[PDB]
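Reviewing the structure listed below.
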Amino acid sequence: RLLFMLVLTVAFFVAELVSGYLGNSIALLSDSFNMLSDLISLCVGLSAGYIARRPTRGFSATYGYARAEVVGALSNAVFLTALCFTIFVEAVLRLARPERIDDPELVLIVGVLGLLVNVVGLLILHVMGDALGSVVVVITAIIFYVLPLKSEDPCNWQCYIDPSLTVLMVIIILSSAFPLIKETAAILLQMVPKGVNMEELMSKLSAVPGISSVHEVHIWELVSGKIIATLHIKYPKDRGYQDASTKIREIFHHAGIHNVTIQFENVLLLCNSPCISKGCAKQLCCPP
Amino acid sequence: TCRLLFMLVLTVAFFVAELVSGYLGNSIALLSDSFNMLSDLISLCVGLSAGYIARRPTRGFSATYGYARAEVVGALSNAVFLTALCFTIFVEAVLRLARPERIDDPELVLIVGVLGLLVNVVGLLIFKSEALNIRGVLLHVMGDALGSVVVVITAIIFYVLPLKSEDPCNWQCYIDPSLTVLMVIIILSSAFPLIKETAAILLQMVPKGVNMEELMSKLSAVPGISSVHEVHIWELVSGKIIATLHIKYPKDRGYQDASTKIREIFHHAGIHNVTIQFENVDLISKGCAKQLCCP
Ligand SMILES: [Mn+2]
């Protein structure tokens with residue numbers, strides 16, 4: 001399924017890239033860049049599926065390459081942002097010095113076929129983000145198709161209709177992609193996942209019976225679905241820690257965190273094992 | 001920080017040279033390729049924002065490790081931005097190789113190219129997640145410096161020879177796109193290590209400095225330990241490596257003797273962040289076994 005979509009997207013990205021420069025239409029170039037980003041996303045999803053089956057641990061990636069989806073998503077979003085910045089500059093350059101579409105027919109045909117390939121995805125807002133760019137290409141083509149302009153006549157309204165719609169499409173694509181950048185960065189910055197409410201989680205954690213303190217509660221998301229929590233507990237050492245460990249595990253299970261590595265430091269409110277020597281303080285995370 | 005700020009101010013001042021107040025009209029086409037430094041402006045803004053975010057304290061119930069990795073994420077973002085711009089420049093140059101393009105007037109292009117080269121070399125001569133971020137910003141400015149070098153070179157070549165409009169394009173026309181392609185190759189080659197390293201800091205992998213080949217051997221060798229389950233080693237920022245080892249032990253003898261030995265081994269390997277969970281040996285569910293990190 002996805003391989004056929006990938007080959008179609010690659011072929012038509014190349015086709016639109018060749019047509020836009022040859023046809024002198026920024027909207028076509030914008031759609032070509034958008035389909036290049038779409039094929040990059042498809043390749044990222046294929047790689048994610050491949051790595052998901054037969055997980056590959058080892059001495060290089062102890063967690064496996066599960067973060068590949070997130071890293072590829074961030075990289076693709078930044079790539080699309082840079083391509084959108086380039087397209088915005090070119091529109092602005094061609095907004096002050098208007099340029100004519102040399103091949104309205106070819107631009108129209110490539111836009112129609114790109115719109116068909118863009119709707120095949122739903123025939124099996126980013127999805128709107130690509131479909132609408134294709135329809136902008138078409139729109140410009142008809143404006144240059146019906147009521148055309150002779151090859152030896154200056155710029156008219158028909159000329160500034162392509163750069164304006166291209167700027168609007170760039171705005172739409174950037175608005176759809178910036179939240180993706182924010183979410184991927186939050187995942188990659190080891191920020192607490194959106195679903196997890198660490199405030200009440202820490203309250204419940206401090207309410208467990210026989211727990212005197214709680215520190216170094218590191219919660220971060222590996223991938224969409226796997227949340228990893230590293231936590232340090234202090235136990236009285238004449239009572240024990242088994243019941244407390246079970247209760248803490250149940251709490252983290254209720255919150256959706258199944259990866260817990262509770263270190264039950266002995267009992268006075270600081271970490272009992274910062275490092276081997278006092279000189280490790282600058283390197284320890286969250287210095288005391 | 002201060003040097004990055006001064007670079008940003010200089011780039012702003014030179015770029016704003018197009019938005020004259022005057023009257024109807026904007027700067028008579030001296031901005032046709034002035035956005036080559038608006039890209040540097042954007043990269044500088046990204047670097048400064050990453051630096052500002054990184055300074056935030058490693059506390060609060062939204063980032064338990066703190067925004068220390070903001071510099072690494074900004075470096076990766078800047079590297080990918082530079083790669084995308086280089087791809088676009090390469091595509092434009094390739095389209096120019098098939099269709100030769102002349103230069104309108106070597107004088108103005110040479111003058112603006114010399115000014116841009118001077119700005120970029122002021123930025124270059126300023127002379128460790130911050131090392132990654134600066135490496136990205138310096139990569140971007142070096143990229144535009146190479147672009148300014150190629151525009152200077154094509155301008156001089158078009159200056160010595162007249163290239164009257166009667167004659168079509170000659171080797172002079174192809175001098176610029178070919179040098180642009182070579183410059184793009186150089187920038188991409190320089191940028192690829194940056195991405196390949198920042199994607200190791202992100203996309204959690206064993207740190208390059210860490211030599212796990214002997215780490216696992218020593219962890220097996222230390223007496224008192226009966227097995228090891230999840231040696232999760234990853235790098236938050238350069239110099240801060242975190243470990244999440246799981247360990248078993250005979251129930252009768254506590255983990256006290258072996259915990260200090262494990263911590264000392266990890267410290268000798270340059271790992272000071274270790275969270276050892278000691279799961280005893282008898283000698284919440286099973287549906288959740290699909291949501292773990294190790295099956
Ligand atoms: Mn499209």
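Annotations for the structure displayed:
- Residues in the stretch B:235-266 that a label on B:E214 would reach, taking backbone N under 14 Å of a point 7 Å out along Cα→Cβ: B:265-266
- Per-residue 3J(HN,Hα) values for the stretch A:43-49, derived from phi via the Karplus relation 6.51 cos²θ - 1.76 cosθ + 1.60 with θ = phi - 60°, read 4, 4, x, 4, 4, 4, x Hz in sequence order (x marks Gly and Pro).
- Computed per residue of chain A from DSSP H runs no shorter than four, each worth -39500 (n - 2.57), the mean residue ellipticity at 222 nm is -21000 deg cm²/dmol.
- Amide H within-cut-off set for B:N273, under 5 Å, with H built and near neighbours excluded: B:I241, B:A243
- The Cα-based radius of gyration of the protein assembly as shown, divided by its Kirkwood radius, gives an Rg/Rh of 1.06.
- The calculated FRET efficiency for B:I185 paired with B:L124, based on their beta-carbon distance and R0 = 25 Å, is about 0.80.
- Trypsin sites (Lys or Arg not before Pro) within the stretch B:135-201, DSSP loop, no more than 10 other Cβ atoms inside 10 Å: B:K164
- Per residue, the convex hull around the alpha carbon atoms of the stretch B:212-290 comes to 119 Å³.
- Exercise: per-residue mean of other protein chain Cβ atoms within 10 Å, B:27-34: 2
- Take each residue in B:69-80, count the other chain C-beta atoms within 10 Å of its C-beta, and the mean is 4.
- Largest-first ellipsoid semi-axes for the stretch A:2-188, taking √(5λ) over the Cα gyration tensor eigenvalues, angstrom: 36, 17, 12
- Under a 5 Å amide H cut-off, with hydrogens placed 1.01 Å from N, A:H215 pairs with A:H232 among residues at least 5 apart or on other chains.
- Selection of trypsin sites (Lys or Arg not before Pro), the stretch B:1-89, meeting DSSP coil and at most 16 other Cβ within 10 Å: B:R55, B:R59
- Within the shell defined by Cβ-Cβ distances under 13 Å, the residues around A:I248 carry a net charge of +2, with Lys and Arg each +1 and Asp and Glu each -1.
- Using θ = phi - 60° and Karplus 6.51 cos²θ - 1.76 cosθ + 1.60, couplings along the stretch A:237-249 (whole Hz; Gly, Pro as x): 6, 10, 9, x, 9, 5, 4, 4, 4, 4, 5, 5, 5
Rule-based calculations on the coordinates, nothing more; no lab input. Neighbour counts are summed over all protein chains in view; Cβ atoms, including those assigned to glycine, are modelled from backbone coordinates with ideal geometry.
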